[PDB]
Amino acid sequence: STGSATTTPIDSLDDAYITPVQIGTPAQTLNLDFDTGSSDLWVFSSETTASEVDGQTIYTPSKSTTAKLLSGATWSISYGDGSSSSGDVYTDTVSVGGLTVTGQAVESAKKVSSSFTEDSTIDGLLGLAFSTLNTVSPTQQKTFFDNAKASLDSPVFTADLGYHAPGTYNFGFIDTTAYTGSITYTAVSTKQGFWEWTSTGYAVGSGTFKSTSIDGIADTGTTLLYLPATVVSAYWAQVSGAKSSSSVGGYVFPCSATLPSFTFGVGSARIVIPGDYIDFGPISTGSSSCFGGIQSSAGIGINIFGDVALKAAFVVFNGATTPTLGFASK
């Protein structure tokens, strides 16, 4: 079997992407953030404190004839950004784009931090990292991908993210019309539970390619691209008036400048991020300082190939027994 769903940017900056997901019987449809950087499926619920809910669609297990409380199970999770949520756990039927999993763990938020309350557009997260990172205790639960793997025609999903436009998540097949040239696959390390791979180098604009190993993770749940200080400093040095700012928490640049492209290596291939994809617009309304889409990993501990990089490619997440990552240009 297969499934196919459209994902849509939540705002004008592509800050995150939401994908409709059917939970329960009869279906309750929530707009979930597909996150290959985590491994929990959590949703706002009829159990979330009414003060931490501002305009989201909530999951109501009492209205679902297939919902069952997973007695005694709890979860608690925190993200790199400082986000957090936690609560109890239900099992229910979950469908993505026609692909149905029965008995999927659905983690109901009794509490959410305010980064989540702040945005009305995201009803929850669908984690697509490896199940070893799932936070349910005492019995760790599997991700939607792991549960569906058995029934999928091929144990793959693909991320085809749009620049200021909708895109696609496909499960169980590779759409050969969605990309150009050939797909380059590269080895994944699952040791930390992430889709962790090694980039073979980078270039800035039309400069020469620098061959150097950059370990990092493919994370649809992270907006920006986070790379080592040396690489990042070499990129921003080519933008007149760019500087790392104190008050803002990263590199900013005059909104009047034109940004060079950025190339990263996948084995012997190259993926080019156009300079426009790196512009995240004014730090505040009317400001002439603009926020950059490439920022330093130093204060994170991990390099993150986030949406800014992923949207420049057709990405294959291959969850075969030896997992790999494929990149093609599009």
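Throughout, rigid core stands for the largest set of C-alpha atoms superposing within 1.5 Å between the two forms. Don't overthink the numbering: it's just position in the shown sequence, from 1.
A.B. asks: Of the stretches 91 to 99 and 239 to 247, which sits farther from where it is here in 9 other deposited structures of this protein, on average over its Cα atoms, after fitting the core?
C.D. replies: Most displaced of the pair in 9 other deposited structures of this protein: 239 to 247.
A.B. asks: Please compare 65 to 73 with 268 to 276 and name the stretch with the higher mean C-alpha B-factor in the deposited structure.
C.D. replies: Taking the mean C-alpha B-factor of 65 to 73 and of 268 to 276, the larger value falls to 65 to 73.
A.B. asks: Can you tell me whether 218 to 226 has a higher mean C-alpha B factor than 171 to 179 in this record, or the other way round?
C.D. replies: Comparing 218 to 226 with 171 to 179, the higher average CA B-factor belongs to 171 to 179.
A.B. asks: Of the choices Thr200, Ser120, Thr186, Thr102, which one's C-alpha carries the largest B-factor in the record?
C.D. replies: It is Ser120.
A.B. asks: Which is it among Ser296, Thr29, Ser51, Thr263: the one with the largest CA B-factor in the entry?
C.D. replies: Max CA B-factor in the entry, restricted to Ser296, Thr29, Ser51, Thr263: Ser51.
A.B. asks: So where's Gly292 on the chain's Cα temperature factor ranking, which third?
C.D. replies: Within its chain, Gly292 is a lowest-third residue by C-alpha B-factor, going by the deposited values.
A.B. asks: Among all modelled residues of this chain, ranked by Cα B factor, put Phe209 in the bottom, middle or top third, i.e. lowest, middle or highest.
C.D. replies: Top third by C-alpha B-factor.
A.B. asks: Among the modelled residues of its chain, does the C-alpha B-factor of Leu41 lie in the lowest, middle or highest third?
C.D. replies: Bottom third by C-alpha B-factor.
A.B. asks: What third of the chain does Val96 rank in for C-alpha temperature factor, lowest, middle or highest?
C.D. replies: It falls in the bottom third of the chain.
A.B. asks: In terms of the CA temperature factor given in the entry, to which third of its chain does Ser233 belong: lowest, middle or highest?
C.D. replies: Lowest third - that is where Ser233 ends up once the chain's C-alpha B-factors are sorted.
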